[PDB]
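This report refers to the structure that appears directly beneath it.
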Amino acid sequence: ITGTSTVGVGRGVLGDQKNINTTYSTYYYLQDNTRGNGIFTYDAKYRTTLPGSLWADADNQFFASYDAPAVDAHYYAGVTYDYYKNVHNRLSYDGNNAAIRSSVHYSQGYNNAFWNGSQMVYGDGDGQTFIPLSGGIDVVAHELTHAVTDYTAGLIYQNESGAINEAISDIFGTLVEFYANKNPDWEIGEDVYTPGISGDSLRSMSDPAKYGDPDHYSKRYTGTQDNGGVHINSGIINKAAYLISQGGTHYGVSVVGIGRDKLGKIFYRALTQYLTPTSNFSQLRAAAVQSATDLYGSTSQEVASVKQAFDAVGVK
Ligand SMILES: CCC[C@H](NC(=O)[C@H](CC(C)C)NP(=O)(O)CNC(=O)OCc1ccccc1)C(=O)O
Ligand SMILES: [Ca+2]
Ligand SMILES: [Ca+2]
Ligand SMILES: [Ca+2]
Ligand SMILES: [Ca+2]
Ligand SMILES: [Zn+2]
């Protein structure tokens with residue numbers, strides 16, 4: 205909408221107060237003009253028609269319970285935009301400052317979030333398995349990263365390419381969580397998953413097996429559920445990424461960690477310069493090795509560590 209840029213204040217899903225960029229024209233809208241061609245957050249009003257209505261508020265204060273998922277969707281989209289711009293010199297998901305759109309309050313008791321090809325969508329959860337999913341910065345960045353992937357590598361959402369697609373979203377979701385530096389970890393969705401159970405998560409990158417996912421290629425799922433296991437086999441790549449950054453010895457194979465920033469540079473380069481829609485795990489290894497070679501040199505520790513990590517998870 206046409207209007208003047210303003211700054212509202214509210215509380216997110218976890219009860220934390222934050223400022224949000226809004227736009228004033230009769231109402232205050234969740235429209236952030238400070239980033240690219242805008243970040244726009246919508247109310248789906250418990251229905252499934254998208255995007256719904258651009259979020260409008262009478263007083264620029266967002267402290268109602270109903271407001272919380274919108275506050276976090278809007279704010280964490282901003283953080284994710286900043287990560288891609290400041291860290292990777294990428295302007296929005298398309299590299300050309302495309303407007304970023306999110307809808308919250310999607311459906312009823314909806315235990316998921318997704319990128320629908322054009323925008324991000326967040327359920328409120330059923331209050332048992334999830335609370336509103338935009339409350340997780342790793343979740344928001346996971347979803348926006350699907351858009352990045354679709355505009356770049358274009359990894360097809362099934363089988364091995366699909367598991368890479370998923371791992372890329374978990375990896376950058378986590379790197380954005382570290383970027384914001386609030387309770388960061390290598391777990392996925394812990395801030396919004398199972399409010400009745402402390403200390404768990406939807407997935408773990410550091411130990412995928414904790415939540416039932418493979419941490420070695422020999423344990424890959426080859427059935428048809430979950431698009432050929434895209435959220436399951438992602439554990440193999442998530443484990444490799446974790447090892448590249450933090451190091452460790454996994455099934456007897458030792459990996460020297462090189463840190464999160466270098467992990468991010470290597471995987472961002474792989475995603476944007478080497479991966480294709482049909483890339484498999486073996487091809488990801490090659491892409492990551494080449495990316496590390498480009499950035500740090502063939503004889504670098506960084507290249508050696510990438511190889512160690514993929515060796516450790518059984519990907520040659
Ligand atoms: C409990 C849900 C677990 C998993 N979802 C996830 O891991 C994350 C949300 C997490 C980070 C909180 N959602 P996601 O991976 O974006 C869901 N993906 C998805 O719906 O893809 C199908 C699709 C939807 C729309 C267009 C094209 C394809 C899943 O969908 O199995
Ligand atoms: Ca208000
Ligand atoms: Ca965390
Ligand atoms: Ca996390
Ligand atoms: Ca929990
Ligand atoms: Zn995903």
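Residue numbers 205 to 520, in mature numbering (1 follows the signal peptide of the UniProt record, and there is no 0), belong to the letters of the sequence shown in order.
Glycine included, every Cβ here is placed at the ideal spot set by N, Cα and C.
Check, Outcome
"Proximity test, residue 523 beta-carbon vs ligand 2 heavy atom, cut-off 6 Å", "Residue 523 is absent from the model: the chain starts at 205 and stops at 520."
"Contact check, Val308 vs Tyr326, beta carbons under 7 Å", "yes"
"Test item: CB-CB of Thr245 and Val380 under 7 Å", "no"
"Neighbouring residues (CB closer than 5 Å to any heavy atom of ligand 1)", "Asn316, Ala317, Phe318, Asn320, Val343, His346, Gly393, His435"
"Check: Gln265 C-beta below 6 Å from any heavy atom of ligand 8", "Ligand 8 is not part of the structure shown, which contains ligand 1, ligand 2, ligand 3, ligand 4, ligand 5 and ligand 6 as its ligands."
"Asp411: CB within 6 Å of a non-hydrogen atom of ligand 4", "no"
"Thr398 beta carbon near ligand 5 (any heavy atom closer than 6 Å)", "yes"
"Run of the alpha helix (DSSP H) containing residue 193, from where it starts to where it stops", "Absent from the structure is residue 193, since the part of the chain shown begins at 205 and ends at 520."
"Burial state of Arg489 (16 or more Cβ within 10 Å)", "buried"
"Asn225: first and last residue of the uninterrupted beta strand (DSSP E) it sits in", "221 to 229"
"Among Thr398, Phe376, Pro399, nearest to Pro388 - alpha-carbon criterion", "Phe376"
"Quiz: which residues have CB nearer than 5 Å to ligand 3 non-hydrogen atoms", "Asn387, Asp389"
"Check whether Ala444 and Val517 have beta carbons under 7 Å apart", "yes"
"Straight-line Cα distance separating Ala277 from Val343", "10 Å"
"Beta-carbon contacts of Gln450 that lie in its chain and below 6 Å, excluding the five residues immediately before and after", "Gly461"
"Chain D within 7 Å of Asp298, Cβ atoms only", "Among the protein chains of the structure shown there is no chain D, as only one such chain exists."
"Proximity test, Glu364 beta-carbon vs ligand 4 heavy atom, cut-off 6 Å", "no"
"Contacting residues, own chain, Cβ-Cβ under 6 Å from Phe318 (five flanking each side not counted)", "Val325"
"Own chain, CB closer than 6 Å to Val457, minus 5 neighbours either side, in chain order", "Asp515, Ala516"
"Cβ neighbour criterion (16 or more within 10 Å) applied to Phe267", "exposed"
"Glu391 Cβ short of 6 Å to ligand 4 heavy atom set", "yes"
"Endpoints, the beta strand (DSSP E) within which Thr453 is located", "452 to 454"
"Cα-Cα separation between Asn369 and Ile360, rounded to whole angstroms", "8 Å"
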